[PDB]
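This document opens with one chain alone, in structure tokens, the form solved without this ligand.
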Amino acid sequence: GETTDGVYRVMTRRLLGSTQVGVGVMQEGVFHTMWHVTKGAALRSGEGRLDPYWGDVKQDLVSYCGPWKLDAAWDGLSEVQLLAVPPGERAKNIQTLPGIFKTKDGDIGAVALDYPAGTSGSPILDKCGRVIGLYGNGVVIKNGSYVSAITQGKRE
């Protein structure tokens, strides 16, 4: 079905009404989303079918129709934009300066923006519009607020 580049909502009819369980990015004929959104299950795009190609529970990422294509990275200095696609609400760009997740295996960018769980998979962009990662896997800090990692995959 539809393979035009852009941000897409991930929906389900298994529960009451139509529910948005996540978001994803279509780029170079590949759909990129977070693993906890689809659990690696097949997706539908109109009459067409999208089968998983690559996935990883630890990275919390999954690609459909082909290998992961997103490889732009945060520069460690500039502000970024979360193209938040919230459930039942219009796509909206939110500008922020990312923080840092310091891990035993290096530092990762982090966006401190609080959105519904069905917003997971929303792309984070640089000033060029390039997807530097996905919003939706992070931690809930002491004051009850949410902080997500800027999760980026590897382009083979």
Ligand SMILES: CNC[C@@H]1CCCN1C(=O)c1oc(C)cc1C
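Quick note: we count residues from 1 along the sequence shown, nothing fancier.
Only in words, not in the display: the form solved in complex with this ligand, which the text now covers.
Undergrad: Looking in the deposited complex, is this ligand within 4.5 angstroms of a heavy atom from every one of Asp5, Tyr8 and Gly29?
TA: No: no residue has a heavy atom within 4.5 Å of the partner.
Undergrad: Given that this ligand is not shown alongside this chain, does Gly99 nevertheless sit within 4.5 Å of it in the deposited complex, heavy atom to heavy atom?
TA: Outside the cut-off, so no.
Undergrad: Is there a heavy atom of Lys127 lying 4.5 Å or less from a heavy atom of this ligand in the deposited complex?
TA: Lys127 lies outside the contact set for this ligand.
Undergrad: Taking 4.5 angstroms as the cut-off for heavy atoms, does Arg44 touch this ligand in the deposited complex?
TA: Looking in the deposited complex, residue contacts with this ligand do not include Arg44, since no heavy atom lies within 4.5 Å.
Undergrad: Taking this ligand as it sits in the deposited complex, which residues of 52-70 have a non-hydrogen atom within 4.5 Å of it? Please list them.
TA: Stretch hits, in order: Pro52, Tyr53, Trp54, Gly55.
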